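This document opens with one chain alone, in structure tokens, the form deposited in one PDB entry.
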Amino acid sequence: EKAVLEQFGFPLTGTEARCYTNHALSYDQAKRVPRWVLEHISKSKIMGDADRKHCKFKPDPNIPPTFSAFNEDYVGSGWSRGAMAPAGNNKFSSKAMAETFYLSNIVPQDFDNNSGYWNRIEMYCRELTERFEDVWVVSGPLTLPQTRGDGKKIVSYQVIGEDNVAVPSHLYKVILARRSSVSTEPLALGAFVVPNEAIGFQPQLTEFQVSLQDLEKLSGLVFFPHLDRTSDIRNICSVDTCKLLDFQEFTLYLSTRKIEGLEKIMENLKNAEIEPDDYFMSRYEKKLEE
């Protein structure tokens, strides 16, 4: 019965997973963006001598150029290029970091968001490695509806470039953290949904928190399926802080990262009512005397 139906094959969705040195993903050929991107983080992965300024954005060679995004779509569009698996999670491997610049990892993102609030969540994930031995993170874009005047719910999103790359309304991140491979403690988990726009330091990460069941219904995905849900799972914002770097800390940490790449860093640093920490002063003198 089916040999006749399947004579000329079935339409190909391009849905199959694609693993890389340190991240996997499913690609949406219609939207020219990922559907989901999964990564693993540890204290050792965020340490290394891999440099982001050395990488470059470019289409995933493993993606058929037909349904591939291109830098020509992003540049000048008013939207930035936001990796769903940060380069900063692949300090250990310059290769893994390079694969996170394949445009199959990137979506159109608000500049202030990509560098601001969203960035600070990526930071909060790498922080979880100081308290957890293993941290799994799934990220992806979303195009959610908006009820308006007539009460009709309308999904409305922009598409940029000659290839009409979908610009998402919100971004999501599902953080799964395990204390250790030998601990009896339950797993920490929390879903979050951020709007693709500038967000200040006033809103807390907990405000953008959603339930996993809801994020699955909206994204149409089932996250971490092997994970037993009747088993004991805990809220990551209850076990942990769900605390992002406030303006002071956040501005302090950036300066810590800039000195490695001089006299202007300190000048703008103090102007913003910041007291250079000893951890920053130490790194300052070392780089100052080099």
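Rigid core: the largest C-alpha set superposing within 1.5 Å between the two forms. Start at 1 and count along the sequence shown; that's the residue number.
Just so you know, the form deposited in another entry exists too; it's not on screen, but the next bit is about it.
A.B. asks: Please say whether, between this form and the one not shown, the C-alpha of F280 moves by 2 Å or more once the core is aligned.
C.D. replies: Yes, the C-alpha position differs by at least 2 Å between this form and the one not shown.
A.B. asks: Aligning on the core only, does the CA of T15 end up 2 angstroms or more away between this form and the one not shown?
C.D. replies: The answer is no; the displacement is under 2 Å.
A.B. asks: Kindly indicate if, in the other form, the C-alpha atoms of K43 and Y279 are closer or farther apart than in the structure shown, bearing in mind the change is 3 Å or more.
C.D. replies: Here the pair is closer than in the other form; there, farther apart.
A.B. asks: Regarding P86 and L269, go with closer or farther for their CA spacing in the other form versus this form, the difference being 3 Å or more.
C.D. replies: They are farther apart; the C-alpha distance rises by 3 Å or more in the other form.
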